[PDB]
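*Asks:* Structure supplied as protein_29.tsv; contents: TSV, N, CA and C atoms.
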```tsv
chain	number	residue	atom	x	y	z
A	1	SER	N	7.09	5.54	-31.11
A	1	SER	CA	8.11	6.12	-30.25
A	1	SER	C	7.51	7.05	-29.19
A	2	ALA	N	6.25	6.80	-28.83
A	2	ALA	CA	5.58	7.59	-27.81
A	2	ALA	C	5.91	7.06	-26.43
A	3	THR	N	6.29	7.98	-25.55
A	3	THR	CA	6.72	7.63	-24.20
A	3	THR	C	5.58	7.79	-23.20
A	4	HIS	N	5.41	6.78	-22.36
A	4	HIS	CA	4.34	6.80	-21.38
A	4	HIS	C	4.70	7.75	-20.24
A	5	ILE	N	3.83	8.71	-19.96
A	5	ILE	CA	4.05	9.62	-18.85
A	5	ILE	C	2.91	9.55	-17.83
A	6	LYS	N	3.27	9.33	-16.57
A	6	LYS	CA	2.29	9.24	-15.49
A	6	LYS	C	2.27	10.53	-14.70
A	7	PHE	N	1.12	11.17	-14.61
A	7	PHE	CA	1.01	12.44	-13.91
A	7	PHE	C	0.18	12.28	-12.65
A	8	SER	N	0.76	12.65	-11.51
A	8	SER	CA	0.08	12.60	-10.23
A	8	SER	C	-0.11	13.99	-9.69
A	9	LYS	N	-1.33	14.34	-9.31
A	9	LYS	CA	-1.56	15.60	-8.61
A	9	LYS	C	-1.91	15.26	-7.17
A	10	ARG	N	-1.12	15.78	-6.25
A	10	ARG	CA	-1.16	15.29	-4.88
A	10	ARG	C	-1.30	16.40	-3.86
A	11	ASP	N	-1.61	16.03	-2.62
A	11	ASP	CA	-1.50	16.99	-1.55
A	11	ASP	C	-0.17	16.73	-0.87
A	12	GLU	N	0.08	17.41	0.24
A	12	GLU	CA	1.36	17.30	0.93
A	12	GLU	C	1.58	15.98	1.68
A	13	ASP	N	0.49	15.28	1.97
A	13	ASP	CA	0.60	13.96	2.58
A	13	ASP	C	0.89	12.91	1.53
A	14	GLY	N	0.93	13.33	0.27
A	14	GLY	CA	1.29	12.44	-0.82
A	14	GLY	C	0.12	11.62	-1.29
A	15	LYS	N	-1.09	12.09	-1.02
A	15	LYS	CA	-2.27	11.42	-1.55
A	15	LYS	C	-2.84	12.17	-2.75
A	16	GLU	N	-3.37	11.41	-3.70
A	16	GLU	CA	-3.93	11.97	-4.93
A	16	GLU	C	-5.03	12.97	-4.63
A	17	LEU	N	-4.95	14.13	-5.28
A	17	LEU	CA	-5.81	15.25	-4.94
A	17	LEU	C	-6.79	15.54	-6.06
A	18	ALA	N	-8.09	15.52	-5.75
A	18	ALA	CA	-9.11	15.80	-6.76
A	18	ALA	C	-9.49	17.28	-6.76
A	19	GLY	N	-9.91	17.78	-7.92
A	19	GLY	CA	-10.46	19.11	-8.02
A	19	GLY	C	-9.60	20.18	-8.65
A	20	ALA	N	-8.41	19.80	-9.14
A	20	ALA	CA	-7.51	20.76	-9.75
A	20	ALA	C	-7.69	20.81	-11.25
A	21	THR	N	-7.91	22.00	-11.81
A	21	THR	CA	-7.97	22.11	-13.26
A	21	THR	C	-6.54	22.17	-13.81
A	22	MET	N	-6.27	21.31	-14.79
A	22	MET	CA	-4.92	21.09	-15.31
A	22	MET	C	-4.91	21.19	-16.82
A	23	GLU	N	-3.84	21.75	-17.38
A	23	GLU	CA	-3.63	21.68	-18.82
A	23	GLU	C	-2.26	21.10	-19.09
A	24	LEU	N	-2.15	20.32	-20.16
A	24	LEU	CA	-0.85	19.95	-20.67
A	24	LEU	C	-0.61	20.69	-21.97
A	25	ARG	N	0.53	21.37	-22.05
A	25	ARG	CA	0.84	22.20	-23.21
A	25	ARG	C	2.12	21.75	-23.90
A	26	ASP	N	2.19	21.85	-25.22
A	26	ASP	CA	3.46	21.59	-25.86
A	26	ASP	C	4.27	22.87	-25.97
A	27	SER	N	5.48	22.78	-26.49
A	27	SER	CA	6.37	23.94	-26.52
A	27	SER	C	5.83	25.11	-27.33
A	28	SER	N	4.99	24.83	-28.32
A	28	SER	CA	4.40	25.90	-29.12
A	28	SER	C	3.43	26.74	-28.29
A	29	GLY	N	2.78	26.10	-27.33
A	29	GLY	CA	1.80	26.78	-26.50
A	29	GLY	C	0.47	26.09	-26.63
A	30	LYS	N	0.42	25.14	-27.57
A	30	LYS	CA	-0.81	24.41	-27.84
A	30	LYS	C	-1.21	23.57	-26.66
A	31	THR	N	-2.42	23.82	-26.17
A	31	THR	CA	-3.03	23.01	-25.12
A	31	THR	C	-3.38	21.65	-25.70
A	32	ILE	N	-2.66	20.62	-25.25
A	32	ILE	CA	-2.86	19.25	-25.72
A	32	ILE	C	-4.06	18.58	-25.04
A	33	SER	N	-4.32	19.00	-23.81
A	33	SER	CA	-5.40	18.40	-23.04
A	33	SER	C	-5.71	19.25	-21.83
A	34	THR	N	-6.98	19.28	-21.44
A	34	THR	CA	-7.40	19.96	-20.22
A	34	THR	C	-8.31	19.01	-19.44
A	35	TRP	N	-8.05	18.87	-18.15
A	35	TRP	CA	-8.86	17.98	-17.34
A	35	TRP	C	-8.93	18.50	-15.92
A	36	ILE	N	-9.84	17.93	-15.14
A	36	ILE	CA	-9.86	18.21	-13.72
A	36	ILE	C	-9.39	16.96	-12.99
A	37	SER	N	-8.46	17.11	-12.05
A	37	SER	CA	-7.94	15.94	-11.35
A	37	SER	C	-9.06	15.19	-10.64
A	38	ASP	N	-8.96	13.87	-10.56
A	38	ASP	CA	-10.04	13.08	-9.97
A	38	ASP	C	-9.56	12.01	-9.00
A	39	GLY	N	-8.38	12.18	-8.43
A	39	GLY	CA	-7.90	11.27	-7.41
A	39	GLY	C	-7.19	10.04	-7.94
A	40	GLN	N	-6.80	10.03	-9.22
A	40	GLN	CA	-5.97	8.93	-9.72
A	40	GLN	C	-4.86	9.43	-10.63
A	41	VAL	N	-3.94	8.54	-11.01
A	41	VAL	CA	-2.87	8.88	-11.93
A	41	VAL	C	-3.48	9.16	-13.30
A	42	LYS	N	-2.90	10.13	-14.00
A	42	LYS	CA	-3.31	10.50	-15.35
A	42	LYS	C	-2.19	10.06	-16.31
A	43	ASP	N	-2.56	9.27	-17.32
A	43	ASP	CA	-1.59	8.72	-18.26
A	43	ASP	C	-1.63	9.45	-19.61
A	44	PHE	N	-0.46	9.82	-20.11
A	44	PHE	CA	-0.32	10.37	-21.45
A	44	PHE	C	0.78	9.61	-22.20
A	45	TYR	N	0.71	9.66	-23.53
A	45	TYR	CA	1.76	9.09	-24.37
A	45	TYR	C	2.29	10.18	-25.29
A	46	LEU	N	3.56	10.56	-25.12
A	46	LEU	CA	4.09	11.72	-25.83
A	46	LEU	C	5.35	11.44	-26.63
A	47	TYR	N	5.39	12.04	-27.81
A	47	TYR	CA	6.56	12.00	-28.67
A	47	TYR	C	7.62	12.97	-28.14
A	48	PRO	N	8.88	12.84	-28.61
A	48	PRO	CA	9.92	13.81	-28.29
A	48	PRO	C	9.42	15.23	-28.45
A	49	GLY	N	9.86	16.10	-27.56
A	49	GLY	CA	9.37	17.45	-27.52
A	49	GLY	C	9.44	17.94	-26.09
A	50	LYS	N	9.18	19.22	-25.91
A	50	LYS	CA	9.19	19.86	-24.61
A	50	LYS	C	7.75	20.20	-24.29
A	51	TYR	N	7.31	19.86	-23.08
A	51	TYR	CA	5.92	20.10	-22.68
A	51	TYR	C	5.86	20.77	-21.31
A	52	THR	N	4.66	21.21	-20.94
A	52	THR	CA	4.43	21.89	-19.66
A	52	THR	C	3.07	21.45	-19.07
A	53	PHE	N	3.09	20.96	-17.84
A	53	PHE	CA	1.87	20.72	-17.08
A	53	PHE	C	1.52	22.00	-16.35
A	54	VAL	N	0.35	22.56	-16.61
A	54	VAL	CA	0.00	23.82	-15.96
A	54	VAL	C	-1.25	23.66	-15.11
A	55	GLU	N	-1.20	24.10	-13.86
A	55	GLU	CA	-2.39	24.12	-13.00
A	55	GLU	C	-3.10	25.45	-13.19
A	56	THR	N	-4.31	25.41	-13.72
A	56	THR	CA	-5.05	26.65	-14.00
A	56	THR	C	-6.05	27.01	-12.89
A	57	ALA	N	-6.42	26.03	-12.08
A	57	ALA	CA	-7.21	26.31	-10.88
A	57	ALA	C	-6.94	25.24	-9.82
A	58	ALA	N	-6.82	25.67	-8.56
A	58	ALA	CA	-6.66	24.74	-7.45
A	58	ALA	C	-7.97	24.61	-6.69
A	59	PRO	N	-8.20	23.44	-6.09
A	59	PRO	CA	-9.37	23.29	-5.23
A	59	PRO	C	-9.25	24.16	-4.01
A	60	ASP	N	-10.40	24.58	-3.50
A	60	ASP	CA	-10.43	25.45	-2.35
A	60	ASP	C	-9.62	24.86	-1.21
A	61	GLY	N	-8.86	25.72	-0.53
A	61	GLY	CA	-7.98	25.30	0.53
A	61	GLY	C	-6.59	24.96	0.04
A	62	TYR	N	-6.40	24.99	-1.28
A	62	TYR	CA	-5.12	24.61	-1.88
A	62	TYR	C	-4.53	25.69	-2.76
A	63	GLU	N	-3.20	25.70	-2.83
A	63	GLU	CA	-2.45	26.72	-3.54
A	63	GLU	C	-2.10	26.21	-4.91
A	64	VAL	N	-2.09	27.11	-5.88
A	64	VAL	CA	-1.74	26.72	-7.24
A	64	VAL	C	-0.25	26.41	-7.33
A	65	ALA	N	0.05	25.22	-7.83
A	65	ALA	CA	1.41	24.75	-7.96
A	65	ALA	C	2.11	25.44	-9.13
A	66	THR	N	3.42	25.60	-9.01
A	66	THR	CA	4.23	26.12	-10.11
A	66	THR	C	4.26	25.10	-11.23
A	67	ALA	N	4.07	25.59	-12.46
A	67	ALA	CA	4.00	24.72	-13.64
A	67	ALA	C	5.27	23.90	-13.78
A	68	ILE	N	5.12	22.70	-14.34
A	68	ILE	CA	6.26	21.80	-14.49
A	68	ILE	C	6.61	21.61	-15.95
A	69	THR	N	7.80	22.05	-16.33
A	69	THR	CA	8.30	21.90	-17.68
A	69	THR	C	9.19	20.68	-17.79
A	70	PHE	N	8.90	19.83	-18.77
A	70	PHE	CA	9.69	18.63	-18.99
A	70	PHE	C	9.95	18.33	-20.46
A	71	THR	N	10.97	17.52	-20.70
A	71	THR	CA	11.40	17.15	-22.03
A	71	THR	C	11.42	15.64	-22.17
A	72	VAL	N	10.81	15.14	-23.24
A	72	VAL	CA	11.00	13.77	-23.66
A	72	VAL	C	11.97	13.80	-24.83
A	73	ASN	N	13.02	12.98	-24.76
A	73	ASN	CA	14.05	13.01	-25.79
A	73	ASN	C	13.88	11.91	-26.82
A	74	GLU	N	14.78	11.88	-27.80
A	74	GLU	CA	14.67	10.94	-28.92
A	74	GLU	C	15.00	9.49	-28.54
A	75	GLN	N	15.46	9.30	-27.31
A	75	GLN	CA	15.77	7.97	-26.78
A	75	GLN	C	14.65	7.46	-25.88
A	76	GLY	N	13.64	8.28	-25.68
A	76	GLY	CA	12.48	7.88	-24.91
A	76	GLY	C	12.59	8.17	-23.44
A	77	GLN	N	13.67	8.83	-23.02
A	77	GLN	CA	13.84	9.16	-21.61
A	77	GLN	C	13.33	10.57	-21.32
A	78	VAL	N	12.90	10.80	-20.08
A	78	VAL	CA	12.27	12.06	-19.71
A	78	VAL	C	13.10	12.84	-18.70
A	79	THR	N	13.14	14.15	-18.87
A	79	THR	CA	13.94	15.00	-18.01
A	79	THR	C	13.12	16.22	-17.61
A	80	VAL	N	13.34	16.71	-16.39
A	80	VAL	CA	12.66	17.93	-15.93
A	80	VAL	C	13.56	19.15	-16.06
A	81	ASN	N	13.00	20.19	-16.68
A	81	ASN	CA	13.73	21.42	-17.01
A	81	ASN	C	13.54	22.53	-15.98
B	1	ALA	N	7.29	7.29	-17.28
B	1	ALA	CA	7.93	8.28	-16.43
B	1	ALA	C	6.91	8.93	-15.50
B	2	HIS	N	7.36	9.39	-14.33
B	2	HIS	CA	6.48	9.99	-13.34
B	2	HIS	C	6.66	11.49	-13.27
B	3	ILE	N	5.55	12.21	-13.37
B	3	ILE	CA	5.59	13.61	-13.01
B	3	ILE	C	4.67	13.76	-11.81
B	4	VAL	N	5.16	14.38	-10.75
B	4	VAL	CA	4.37	14.59	-9.55
B	4	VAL	C	4.28	16.08	-9.26
B	5	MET	N	3.06	16.58	-9.15
B	5	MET	CA	2.79	17.97	-8.86
B	5	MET	C	2.04	18.02	-7.54
B	6	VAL	N	2.59	18.72	-6.54
B	6	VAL	CA	1.86	18.90	-5.28
B	6	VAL	C	1.20	20.26	-5.15
B	7	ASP	N	-0.04	20.24	-4.67
B	7	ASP	CA	-0.76	21.44	-4.31
B	7	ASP	C	-0.57	21.64	-2.80
B	8	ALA	N	0.19	22.67	-2.41
B	8	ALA	CA	0.39	22.96	-0.99
B	8	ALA	C	-0.92	23.39	-0.34
B	9	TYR	N	-1.00	23.27	0.98
B	9	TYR	CA	-2.16	23.77	1.73
B	9	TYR	C	-2.08	25.28	1.86
B	10	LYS	N	-3.23	25.95	1.87
B	10	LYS	CA	-3.28	27.35	2.25
B	10	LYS	C	-3.12	27.40	3.76
B	11	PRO	N	-2.62	28.53	4.29
B	11	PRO	CA	-2.55	28.70	5.75
B	11	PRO	C	-3.92	29.00	6.34
B	12	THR	N	-3.95	29.34	7.63
B	12	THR	CA	-5.17	29.81	8.30
B	12	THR	C	-4.87	30.89	9.34
```
Please render this file's structure as structure tokens.
*Replies:*
Amino acid sequence: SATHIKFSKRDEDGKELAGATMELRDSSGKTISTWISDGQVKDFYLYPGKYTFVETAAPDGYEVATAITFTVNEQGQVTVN
Amino acid sequence: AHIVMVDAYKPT
């Protein structure tokens, strides 16, 4: 019952942006994964629960984005909080 | 599902 989630880190022209340090956290606060963006979509598979994508560092010339909180529900659908 | 996060440009 794991739901596929596609994460894109982009610039304002809508192109994939490399160089951003990112964490995905669950509702407890547990860091599920930490990576640096590399210019492609990042795929995760997540069970029901509430999670947060957090930008911990932005590449030079770029501003740190506000964290994105989302929920995957028991029906497999995803919602942004 | 798609999550899209944009990094805005800094000014100058």
*Asks:* For residue 33 in chain A, list every protein, DNA or RNA residue within 10 Å, evaluated using only C-alpha atoms, and leave out those in the same chain fewer than 5 positions away; present the list as an mmCIF file with N, CA and C atoms, in the coordinates of the input.
*Replies:*
```
data_model
loop_
_atom_site.group_PDB
_atom_site.id
_atom_site.type_symbol
_atom_site.label_atom_id
_atom_site.label_comp_id
_atom_site.auth_asym_id
_atom_site.auth_seq_id
_atom_site.Cartn_x
_atom_site.Cartn_y
_atom_site.Cartn_z
ATOM 1 N N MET A 22 -6.270 21.310 -14.790
ATOM 2 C CA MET A 22 -4.920 21.090 -15.310
ATOM 3 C C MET A 22 -4.910 21.190 -16.820
ATOM 4 N N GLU A 23 -3.840 21.750 -17.380
ATOM 5 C CA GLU A 23 -3.630 21.680 -18.820
ATOM 6 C C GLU A 23 -2.260 21.100 -19.090
ATOM 7 N N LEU A 24 -2.150 20.320 -20.160
ATOM 8 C CA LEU A 24 -0.850 19.950 -20.670
ATOM 9 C C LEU A 24 -0.610 20.690 -21.970
ATOM 10 N N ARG A 25 0.530 21.370 -22.050
ATOM 11 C CA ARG A 25 0.840 22.200 -23.210
ATOM 12 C C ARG A 25 2.120 21.750 -23.900
ATOM 13 N N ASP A 26 2.190 21.850 -25.220
ATOM 14 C CA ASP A 26 3.460 21.590 -25.860
ATOM 15 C C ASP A 26 4.270 22.870 -25.970
ATOM 16 N N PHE A 44 -0.460 9.820 -20.110
ATOM 17 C CA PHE A 44 -0.320 10.370 -21.450
ATOM 18 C C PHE A 44 0.780 9.610 -22.200
ATOM 19 N N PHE A 53 3.090 20.960 -17.840
ATOM 20 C CA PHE A 53 1.870 20.720 -17.080
ATOM 21 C C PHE A 53 1.520 22.000 -16.350
#
```
*Asks:* Counting only N, CA and C atoms, which residues of chain A sit at most 5 Å from some atom of chain B, and what is each one's closest atom pair with its distance in Å to one decimal, listed by chain and rising residue number, as JSON lines?
*Replies:*
```
{"residue": "A:4", "atom": "C", "partner": "B:1", "partner_atom": "N", "distance": 4.0}
{"residue": "A:5", "atom": "CA", "partner": "B:1", "partner_atom": "N", "distance": 4.3}
{"residue": "A:6", "atom": "N", "partner": "B:1", "partner_atom": "C", "distance": 3.8}
{"residue": "A:7", "atom": "CA", "partner": "B:3", "partner_atom": "C", "distance": 4.4}
{"residue": "A:8", "atom": "N", "partner": "B:3", "partner_atom": "C", "distance": 4.1}
{"residue": "A:9", "atom": "CA", "partner": "B:5", "partner_atom": "C", "distance": 4.5}
{"residue": "A:10", "atom": "N", "partner": "B:5", "partner_atom": "C", "distance": 4.1}
{"residue": "A:11", "atom": "CA", "partner": "B:7", "partner_atom": "N", "distance": 4.7}
{"residue": "A:61", "atom": "C", "partner": "B:10", "partner_atom": "N", "distance": 4.0}
{"residue": "A:62", "atom": "CA", "partner": "B:10", "partner_atom": "N", "distance": 4.4}
{"residue": "A:63", "atom": "N", "partner": "B:8", "partner_atom": "C", "distance": 4.1}
```
*Asks:* Just give me the gap between atom C of residue 48 in chain A and atom C of residue 72 in chain A in Å, one decimal is fine.
*Replies:* 4.7 Å
*Asks:* Determine the nearest neighbour of residue 18 in chain A from the options A:66, A:73, A:3, A:40, counting only N, CA and C atoms.
*Replies:*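 Smallest distance to residue 18 in chain A is found for A:40.
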*Asks:* Which of these residues is nearest to residue 51 in chain A, using only N, CA and C atoms: A:20, A:32, A:2, A:68?
*Replies:*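 Smallest separation from residue 51 in chain A among the options: A:68.
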*Asks:* Can you tell me how far atom C of residue 71 in chain A sits from atom N of residue 34 in chain A, in Å to one decimal?
*Replies:*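 Between atom C of residue 71 in chain A and atom N of residue 34 in chain A the gap works out to 18.8 Å.
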*Asks:* Enter the distance from atom N of residue 74 in chain A to CA of residue 42 in chain A, in Å, rounded to one decimal.
*Replies:*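 Answer for the atom N of residue 74 in chain A to CA of residue 42 in chain A separation: 22.0 Å.
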*Asks:* Between A:59, A:1, A:16, A:64, which one has atoms that come closest to residue 41 in chain A, using all atoms listed in the file?
*Replies:* A:16
*Asks:* Quick test: take range 9-42 of chain A, keep N, CA and C atoms, and write it as an mmCIF file, in the first residue's frame.
*Replies:*
```cif
data_model
loop_
_atom_site.group_PDB
_atom_site.id
_atom_site.type_symbol
_atom_site.label_atom_id
_atom_site.label_comp_id
_atom_site.auth_asym_id
_atom_site.auth_seq_id
_atom_site.Cartn_x
_atom_site.Cartn_y
_atom_site.Cartn_z
ATOM 1 N N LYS A 9 12.529 19.454 -7.731
ATOM 2 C CA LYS A 9 13.054 20.717 -7.223
ATOM 3 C C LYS A 9 13.445 21.556 -8.420
ATOM 4 N N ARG A 10 12.849 22.731 -8.522
ATOM 5 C CA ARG A 10 12.913 23.485 -9.771
ATOM 6 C C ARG A 10 13.339 24.923 -9.564
ATOM 7 N N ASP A 11 13.676 25.596 -10.658
ATOM 8 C CA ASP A 11 13.842 27.023 -10.585
ATOM 9 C C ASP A 11 12.548 27.642 -11.087
ATOM 10 N N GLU A 12 12.525 28.958 -11.233
ATOM 11 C CA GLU A 12 11.302 29.658 -11.629
ATOM 12 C C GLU A 12 10.905 29.473 -13.092
ATOM 13 N N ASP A 13 11.856 29.071 -13.926
ATOM 14 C CA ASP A 13 11.554 28.766 -15.319
ATOM 15 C C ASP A 13 10.981 27.365 -15.440
ATOM 16 N N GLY A 14 10.915 26.658 -14.316
ATOM 17 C CA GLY A 14 10.304 25.346 -14.285
ATOM 18 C C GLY A 14 11.257 24.263 -14.736
ATOM 19 N N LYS A 15 12.553 24.536 -14.656
ATOM 20 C CA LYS A 15 13.535 23.507 -14.959
ATOM 21 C C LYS A 15 14.140 22.927 -13.678
ATOM 22 N N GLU A 16 14.434 21.634 -13.716
ATOM 23 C CA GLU A 16 14.981 20.923 -12.566
ATOM 24 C C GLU A 16 16.278 21.559 -12.086
ATOM 25 N N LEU A 17 16.360 21.773 -10.779
ATOM 26 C CA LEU A 17 17.446 22.555 -10.211
ATOM 27 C C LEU A 17 18.369 21.691 -9.372
ATOM 28 N N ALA A 18 19.658 21.686 -9.711
ATOM 29 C CA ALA A 18 20.633 20.888 -8.961
ATOM 30 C C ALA A 18 21.281 21.709 -7.855
ATOM 31 N N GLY A 19 21.685 21.041 -6.779
ATOM 32 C CA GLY A 19 22.476 21.677 -5.743
ATOM 33 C C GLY A 19 21.777 21.993 -4.436
ATOM 34 N N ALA A 20 20.510 21.606 -4.310
ATOM 35 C CA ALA A 20 19.752 21.877 -3.093
ATOM 36 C C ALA A 20 19.814 20.714 -2.128
ATOM 37 N N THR A 21 20.209 20.967 -0.886
ATOM 38 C CA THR A 21 20.173 19.898 0.109
ATOM 39 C C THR A 21 18.739 19.772 0.631
ATOM 40 N N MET A 22 18.233 18.542 0.619
ATOM 41 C CA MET A 22 16.828 18.256 0.905
ATOM 42 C C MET A 22 16.710 17.147 1.929
ATOM 43 N N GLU A 23 15.721 17.254 2.813
ATOM 44 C CA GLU A 23 15.380 16.136 3.695
ATOM 45 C C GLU A 23 13.909 15.825 3.547
ATOM 46 N N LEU A 24 13.568 14.545 3.630
ATOM 47 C CA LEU A 24 12.178 14.163 3.781
ATOM 48 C C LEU A 24 11.982 13.656 5.197
ATOM 49 N N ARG A 25 10.988 14.207 5.882
ATOM 50 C CA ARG A 25 10.748 13.869 7.279
ATOM 51 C C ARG A 25 9.355 13.301 7.485
ATOM 52 N N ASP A 26 9.198 12.357 8.408
ATOM 53 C CA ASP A 26 7.842 11.931 8.729
ATOM 54 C C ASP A 26 7.291 12.776 9.862
ATOM 55 N N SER A 27 6.041 12.538 10.245
ATOM 56 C CA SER A 27 5.393 13.383 11.239
ATOM 57 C C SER A 27 6.077 13.373 12.598
ATOM 58 N N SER A 28 6.760 12.278 12.929
ATOM 59 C CA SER A 28 7.479 12.201 14.202
ATOM 60 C C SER A 28 8.652 13.173 14.228
ATOM 61 N N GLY A 29 9.252 13.412 13.070
ATOM 62 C CA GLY A 29 10.402 14.290 12.978
ATOM 63 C C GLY A 29 11.566 13.521 12.402
ATOM 64 N N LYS A 30 11.357 12.216 12.253
ATOM 65 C CA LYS A 30 12.394 11.335 11.745
ATOM 66 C C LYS A 30 12.729 11.663 10.306
ATOM 67 N N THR A 31 13.998 11.966 10.078
ATOM 68 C CA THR A 31 14.527 12.180 8.740
ATOM 69 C C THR A 31 14.560 10.841 8.018
ATOM 70 N N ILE A 32 13.705 10.697 7.003
ATOM 71 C CA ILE A 32 13.595 9.464 6.226
ATOM 72 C C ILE A 32 14.703 9.364 5.172
ATOM 73 N N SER A 33 15.135 10.518 4.692
ATOM 74 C CA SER A 33 16.142 10.551 3.641
ATOM 75 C C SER A 33 16.714 11.950 3.503
ATOM 76 N N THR A 34 17.994 12.037 3.158
ATOM 77 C CA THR A 34 18.631 13.318 2.872
ATOM 78 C C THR A 34 19.410 13.175 1.570
ATOM 79 N N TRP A 35 19.233 14.134 0.678
ATOM 80 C CA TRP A 35 19.917 14.070 -0.600
ATOM 81 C C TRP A 35 20.205 15.470 -1.097
ATOM 82 N N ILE A 36 21.050 15.564 -2.111
ATOM 83 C CA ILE A 36 21.247 16.824 -2.794
ATOM 84 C C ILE A 36 20.605 16.716 -4.176
ATOM 85 N N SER A 37 19.803 17.709 -4.557
ATOM 86 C CA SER A 37 19.126 17.631 -5.851
ATOM 87 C C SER A 37 20.143 17.527 -6.982
ATOM 88 N N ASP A 38 19.799 16.801 -8.043
ATOM 89 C CA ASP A 38 20.753 16.582 -9.127
ATOM 90 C C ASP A 38 20.168 16.768 -10.523
ATOM 91 N N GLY A 39 19.090 17.533 -10.629
ATOM 92 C CA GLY A 39 18.531 17.849 -11.931
ATOM 93 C C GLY A 39 17.560 16.819 -12.476
ATOM 94 N N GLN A 40 17.075 15.904 -11.639
ATOM 95 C CA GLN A 40 16.010 14.998 -12.094
ATOM 96 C C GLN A 40 14.943 14.802 -11.025
ATOM 97 N N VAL A 41 13.847 14.138 -11.394
ATOM 98 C CA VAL A 41 12.785 13.831 -10.446
ATOM 99 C C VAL A 41 13.319 12.828 -9.427
ATOM 100 N N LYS A 42 12.880 12.975 -8.181
ATOM 101 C CA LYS A 42 13.235 12.087 -7.085
ATOM 102 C C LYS A 42 11.981 11.285 -6.717
#
```
